[PDB]
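Residue numbers for the sequence shown, in the authors' numbering: 0, 30 to 163.
Accompanying notes for the structure given below.
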Amino acid sequence: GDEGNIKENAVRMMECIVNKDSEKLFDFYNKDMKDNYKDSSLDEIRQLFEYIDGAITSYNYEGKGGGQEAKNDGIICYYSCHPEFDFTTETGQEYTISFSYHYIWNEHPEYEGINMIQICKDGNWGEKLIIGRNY
Numbered sequence: 000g030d031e032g033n034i035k036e037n038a039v040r041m042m043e044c045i046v047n048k049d050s051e052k053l054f055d056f057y058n059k060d061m062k063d064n065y066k067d068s069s070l071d072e073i074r075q076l077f078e079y080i081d082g083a084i085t086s087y088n089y090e091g092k093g094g095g096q097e098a099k100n101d102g103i104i105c106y107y108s109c110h111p112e113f114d115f116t117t118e119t120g121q122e123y124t125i126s127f128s129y130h131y132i133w134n135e136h137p138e139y140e141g142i143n144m145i146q147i148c149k150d151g152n153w154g155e156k157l158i159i160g161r162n163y
């Protein structure tokens, strides 16, 4: 593809939500969570979907969010970020969504991918829905 890797992958996560596909959204989760925390995480994704009122009429990519890199002898061994979209539903309601994304983790390849999703209305993080686990 012809965009940043972070944006390409993030756009496909937003498409899972537009379509309400928890199989596909969950297949982005890290290995340790698919092996260990499947029933918890799929049920938390359902809530995420019940928190979105109506079909998504539009979305737009805000940045990478923040995160960390580490590089050793020229080679990246750790890279975290938080891909973010604003989006709007058929009701008129604007949401903001942020996915926790451990893009590269060489010491721990089983932690690579999504671990956490966060969501709120009109950019109000004082009342957010936070799902997933911390790594």
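Virtual Cβ for every residue (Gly too), placed ideally from N, Cα, C.
> Going by Cα to Cα distance, which pick from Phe113, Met61, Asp67 is closest to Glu138?
Replying inline: Start at 1 with the first residue of the sequence shown, and residue 138 comes out as number 110. Closest by alpha carbon: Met61.
>> Along the chain, where does the beta strand (DSSP E) containing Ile159 start, and where does it finish?
In response: Within the sequence shown, the letter at position 131 stands for residue 159. Unbroken beta strand (DSSP E) run through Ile159: 152-160.
> According to DSSP, what are the bridge partners of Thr116?
Replying inline: Position 88 of the sequence shown, counted from the first residue, corresponds to residue 116. Note: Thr116 sits in a beta bridge opposite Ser86, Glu122.
> For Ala83, does the count of other Cβ atoms within 10 angstroms reach 16, so buried, or fall short, so exposed?
Replying inline: Within the sequence shown, the letter at position 55 stands for residue 83. Label assigned to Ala83: exposed.
> Mind checking whether the beta-carbon of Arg40 lies closer than 6 Å to any heavy atom of the ligand MG?
Replying inline: In terms of ligand content, the structure shown is empty, and the ligand MG therefore cannot be addressed.
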